[PDB]
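Take a look at the structure set out below.
The numbers here are math on the coordinates, done by the rules we state, and not lab data. Using ideal geometry, Cβ is built from the backbone for each residue, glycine included, and neighbour counts are taken over all protein chains shown.
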Amino acid sequence: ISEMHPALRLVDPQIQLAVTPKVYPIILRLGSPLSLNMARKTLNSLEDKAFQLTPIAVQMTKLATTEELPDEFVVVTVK
Amino acid sequence: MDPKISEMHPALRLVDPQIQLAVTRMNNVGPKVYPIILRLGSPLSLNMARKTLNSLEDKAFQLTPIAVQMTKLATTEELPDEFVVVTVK
Ligand SMILES: CCCCCCCC
């Protein structure tokens with residue numbers, strides 16, 4: 001693992017993928033950067049809408065061993 | 001700035017709700033699930049992984065692809081009241 005490129009990155013399990021519902025820890029393979037924002041509609045007119053974004057800080061860790069890997073997880077590969 | 005939500009650059013797609021993002025937060029504590037909006041600066045792929053053998057000296061993992069169904073939106077009426085935006089690249 002500590003030699004793969006893009007390296008494997010384990011996302012803090014505060015953020016997981018809900019799949020159908022089971023939730024899975026996330027492993028990232030980032031060939032390009034990713035960003036995550038929470039979005040909330042703050043203005044709702046049929047002619048105009050506004051969305052408030054809030055950046056979500058995501059703690060990750062580069063994996064060195066497979067003993068760190070969960071028993072079930074999703075791998076997201078970004079090109 | 002783009003003319004319509006159906007032709008943004010990079011493309012905007014709503015991930016079909018069989019796949020959502022679970023964020024633990026907050027009444028009580030627990031996970032809330034959010035629809036995922038993608039801004040597709042680059043392609044992505046999803047694999048389901050399972051550790052099928054948990055022996056220290058002989059571990060094995062099984063990977064199964066997950067088809068990510070996505071939807072092009074026609075108007076902003078299709079944006080949910082709350083969602084997460086994953087921006088690639
Ligand atoms: C924090 C990374 C989220 C992964 C998004 C997956 C979109 C199908």
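The table for this structure:
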quantity: Share antiparallel - DSSP beta bridges, chain B, percent rounded to 5; calculated: 80 percent
quantity: Shape category assigned to chain B from the gyration tensor of Cα positions, a/c cut at 1.5; calculated: oblate
quantity: Inter-part distance where the range B:36-63 and the range A:1-63 are each reduced to a Cα centre, Å; calculated: 16 Å
quantity: Long-range HN-HN contacts of residue B:70 with modeled amide H, under 5 Å; calculated: B:16
quantity: Bridge type composition, the protein assembly as shown - antiparallel percent by DSSP, nearest 5; calculated: 85 percent
quantity: Peptide A:37-44 - average C-beta neighbours from other chains (10 Å radius); calculated: 5
quantity: Out-of-range pairs (alpha-carbon distance over 23 Å; input A:41/A:62; A:22/B:51; A:22/B:89); calculated: A:41/A:62; A:22/B:89
quantity: GluC sites (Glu not before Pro) within the range A:35-75: DSSP coil, no more than 16 neighbouring Cβ in 10 Å; calculated: A:47, A:67, A:68
quantity: Cα gyration tensor category, rounded, prolate or oblate, for the protein assembly as shown with a/c compared to 1.5; calculated: prolate
quantity: Total formal charge among the other residues, if their Cβ is under 11 angstrom from that of residue A:24, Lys/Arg +1 and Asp/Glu -1; calculated: 0
quantity: Amide hydrogen neighbours beyond the local backbone of residue A:56, cut-off 5 Å, H modeled; calculated: A:36, A:37, A:38
